[PDB]
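Q: These protein sequence lines are chains I and A, in that order.
Throughout the first sequence, residue numbering follows the authors' numbering, covering 2001 to 2400 in sequence.
Throughout the second sequence, residue numbering follows the authors' numbering, covering 1 to 49 in sequence.
Before I ask anything, here is the structure I am working with.
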Amino acid sequence: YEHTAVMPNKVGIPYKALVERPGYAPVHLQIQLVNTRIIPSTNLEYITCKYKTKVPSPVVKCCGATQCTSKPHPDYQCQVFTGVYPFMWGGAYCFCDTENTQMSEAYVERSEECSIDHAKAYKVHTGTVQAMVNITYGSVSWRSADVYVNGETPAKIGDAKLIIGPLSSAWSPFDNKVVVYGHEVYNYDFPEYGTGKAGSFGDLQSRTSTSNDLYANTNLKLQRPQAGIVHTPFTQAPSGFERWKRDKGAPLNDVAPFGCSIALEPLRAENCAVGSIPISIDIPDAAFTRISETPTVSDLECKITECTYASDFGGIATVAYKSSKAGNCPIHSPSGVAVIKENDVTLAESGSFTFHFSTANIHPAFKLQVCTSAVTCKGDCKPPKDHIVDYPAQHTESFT
Amino acid sequence: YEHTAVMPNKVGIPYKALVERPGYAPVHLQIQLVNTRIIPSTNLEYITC
């Protein structure tokens, strides 16, 4: 009875399949893939952020030169300068007039915002998708368990053992190269660590926040201070993190395909509705009811009464139930034409009980399996009027 | 279900149409045009006496 089932990847709607175990009473499913969070394999390549030209205070030798050296600070720009007369609080102070030397030095450093407000590149591989699958199973009526997709993983949470996927729809909405910012995720071809052109994205490129080493192509060019005054002309491109916040591109949670949402959290891409998942469950046999205890319902009749050719469960149909015992009777349309809101219907001794459903074909000729009794609920449906609210329960469009 | 209906202009009698909304139970109308007062556009030109 290990109920294999191909199953559409779509998040917010149950998939009430039916266990046709030969010998005992069938049992309905209710498989709602409440989430499709993905979490691909990734690598933190480098944080970037806007620089801060945290200038070390220049040297001023008063009569003669002060040769600079290339200190190992990131992008340590330093250039000796002569021909000053530095006004500092008493007019000038160095008594020479051309031998007055000024050595300006400036290096690039991570902002304090780099720790917290920072873009973040990644080389993104495929990884392994997940889900908090609820099944309000059978008469168990509950399990809300986190699972995987790889087609040999069980998750014995509740009582049922369930194996999912691998899904066929391998579209990772993440590209190979991704930039990430706070919550807005950008599938951007970041240039690389160690290379980013100044002004362009990644002018600062630190491996992480702690990493004292980095790559700072900022085109930081010191110029001589003017007219014998102490200061430090640092001529520099404002960061490619400054832009990339107001001349950027749009976020993947606003431009992705096939229906995904995003988080700066394990780097999941939630709820990506695409393709199918070959899902298979091993039910606990204890949860089964033996066949000789559920009422046999045959010699019945089914008919629509007001079929709504729609998404919400507007389709209805009375069923002239013709039972033997009285009790519950799980139901399902093995044809995917009709999706039913009721998993189970209570029965007195051969009464009648309408259920709700939804279809996509004008003439819904769908079988209905009322606990081992098939029936065609043939009829005709009506279009609605009022179509602006969230996503459907029908999801069965085909040739009609 | 915005129930369009051509409807005879006649005052003192209801017009009990029926709402055939696909999906829910229909509902009857009872439209009685109790009055057809007109009030055209006019102009006081002159009193006489």
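Cβ atoms here follow ideal geometry from the backbone N, Cα and C, with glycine treated the same way.
Using beta carbons (cut-off 8 Å, strictly below), is I/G2314 in contact with chain A?
A: Closer than 8 Å: yes.
Q: Just the chain A side, please: which residues come within less than 9 Å of I/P2383 by C-beta, in chain order?
A: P22
Q: Could you have a look at I/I2031 and say whether DSSP puts it in helix, strand or coil?
A: In the structure shown, I/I2031 sits in a strand (DSSP, three-state: E or B).
Q: Give the residues of chain A in contact with I/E2184, contact being defined as C-beta atoms less than 8 Å apart.
A: What I/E2184 touches in chain A: nothing, since even the nearest Cβ is about 41 Å away.
Q: Whose Cβ in chain A lies nearer than 9 Å to the Cβ of I/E2306?
A: Per Cβ cutoff of 9 Å: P22, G23, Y24 and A25.
Q: Going by DSSP, name the residue or residues bridged to I/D2282.
A: I/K2161
Q: Under the rule that 16 or more other beta-carbon atoms within 10 Å means buried, what is I/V2185, buried or exposed?
A: buried
Q: Let me know if I/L2368 comes out buried or exposed under the rule of 16 or more other beta-carbons within 10 Å of its beta-carbon.
A: buried
Q: Is it the case that the Cβ atoms of I/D2380 and I/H2363 are separated by a distance below 8 Å?
A: yes
Q: Pop quiz: I/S2373 and I/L2347 are said to be a contact at Cβ under 8 Å. What is the actual Cβ separation, rounded to whole angstroms?
A: About 11 Å separates the two Cβ atoms, so there is no contact after all.
Q: Do I/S2398 and I/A2360 count as a contact pair if the criterion is CB distance below 8 Å?
A: yes
Q: Quick test of the definition: if touching needs 3 or more C-beta pairs under 8 Å, does the stretch 2173–2182 of chain I touch the stretch 2115–2128 of chain I?
A: yes
Q: Taking 8 Å as the CB-CB cut-off, is A/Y1 touching chain I?
A: It does; some Cβ of chain I falls within 8 Å.
Q: Is the shortest distance between the beta-carbon of A/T4 and the beta-carbons of chain C less than 8 Å?
A: Any reference to chain C falls outside this structure, whose protein chains are I and A.
Q: Output the boundary residues of the beta strand (DSSP E) element that contains I/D2344.
A: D2344 to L2347
Q: Note down the Cα distance separating I/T2294 from I/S2169, rounded to an integer number of angstroms.
A: 40 Å
Q: In the structure shown, what three-state DSSP assignment does I/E2113 receive?
A: In this structure, I/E2113 counts as helix in the three-state DSSP scheme.
Q: Which residue from I/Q2205, I/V2274 and I/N2009 puts its Cα closest to that of I/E2192?
A: I/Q2205
Q: Quick one: what's got a C-beta closer than 8 Å to I/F2355's C-beta in the same chain, skipping five residues either side?
A: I2316, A2317, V2319, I2331, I2340, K2341, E2342 and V2345
Q: Specify whether the stretch 2234–2242 of chain I and the stretch 2044–2058 of chain I touch according to this definition: at least 3 beta carbon pairs, one from each stretch, less than 8 Å apart.
A: Yes: at least three Cβ pairs fall under 8 Å.
Q: Going by alpha carbons, who is nearest to I/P2074 out of I/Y2107, I/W2089, I/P2266 and I/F2258?
A: I/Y2107
Q: Please report how far the alpha carbon of I/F2201 lies from the alpha carbon of I/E2265, in whole angstroms.
A: 23 Å
Q: Identify every residue that forms a DSSP beta bridge with I/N2134.
A: I/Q2032 and I/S2144
Q: Given a cut-off of 8 Å on the beta-carbon distance, is the pair I/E2270 and I/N2043 in contact?
A: no
Q: Since I/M2007 sits in a beta bridge, which residues does DSSP pair it with?
A: Secondary-structure assignment with DSSP links I/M2007 through a beta bridge to I/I2277.
Q: Specify the secondary structure class of I/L2167 as computed by DSSP and reduced to three states.
A: coil
Q: Report the residue from I/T2069, I/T2128 and I/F2313 whose alpha carbon sits nearest the alpha carbon of residue 1972 of chain I.
A: Residue 1972 of chain I is absent from the model: chain I starts at 2001 and stops at 2400.
Q: Run through DSSP, which three-state label would I/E2293 get?
A: helix
Q: Pick out the complete beta strand (DSSP E) segments inside the stretch 2298–2365 of chain I, 3 residues or longer, and give them in chain order.
A: Taking 3 residues as the minimum length, the beta strand (DSSP E) runs contained wholly in the stretch 2298–2365 of chain I are 2301–2308, 2315–2320, 2327–2330, 2344–2347 and 2355–2358, in order along the chain.
Q: Ignore the nearest five residues each way along the sequence and tell me which others in I/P2056's own chain have a CB closer than 6 Å to its CB.
A: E2105
Q: DSSP state of I/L2252, grouped into three classes?
A: If DSSP states are grouped into helix, strand and coil, I/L2252 belongs with the helices.
Q: Mind reading off the beta-carbon distance from I/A2005 to I/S2280? Whole number of angstroms is fine, and I expect it under 8 Å.
A: Correct: roughly 7 Å between the Cβ atoms.
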